[PDB]
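Read through the structure below, which is laid out as structure tokens, and then see the notes.
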Ligand SMILES: [Cl-]
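Residue numbers (this note's numbering), protein chains in the order written: chain A, 1 to 14; chain B, 101 to 199.
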């Protein structure tokens, strides 16, 4: 389950 | 082929933390350009298509952690390399894999 604060994971943040 | 610099790599992944499954899915990425969370592409380096393995990334180094993930915890990934291929001109130009 994906959530807003970890939406990119496992892609790099930003 | 082997995962290496400038290959487009497709993986299937499961994210667990302390034995609890948190996520599952599939992605494609251009290798060698810091496109994944720190540690994951390093665990993928040199692997052949079809290899399945585990990788461990400290949760701190990813921006996700107001959550069910404890601070100082480890992200345990079970990863399977589905496909490795040469990048297209588009992909090399932008530094990212494309559909
Ligand atoms: Cl990418």
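Cβ atoms here follow ideal geometry from the backbone N, Cα and C, with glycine treated the same way.
Chain-ordered, the chain A residues with CB closer than 7 Å to the CB of residue 123 of chain B read 1, 2. With the criterion set as a beta carbon lying under 9 Å from some beta carbon of chain A, the members of the segment 126-142 of chain B are 127, 129, 134, 135, 136, 137, 138, 140, in sequence order.
Residue-level contact by beta carbon fails for residue 197 of chain B and chain A, as no gap is shorter than 7 Å.
DSSP, read as helix, strand or coil, puts residue 159 of chain B in helix. Within the same chain, and ignoring the five residues on either side of residue 140 of chain B in sequence, the residues whose Cβ sits closer than 7 Å to its Cβ are 155, 157, 177.
Restricted to the segment 103-188 of chain B, the beta strand (DSSP E) segments that are unbroken, complete and at least 3 residues in length are 107-117, 120-130, 152-158, 174-186, listed in chain order. Remark: C-beta atoms of residue 108 of chain B and residue 130 of chain B approach each other more closely than 7 Å. Sequence-distant Cβ neighbours of residue 124 of chain B in its own chain, meaning closer than 6 Å and more than five residues away, are 114. A straight-line Cα-Cα distance of about 33 Å links residue 145 of chain B and residue 166 of chain B. About 6 Å separates the beta carbon of residue 175 of chain B from that of residue 117 of chain B, a gap short enough to meet the 8 Å contact definition.
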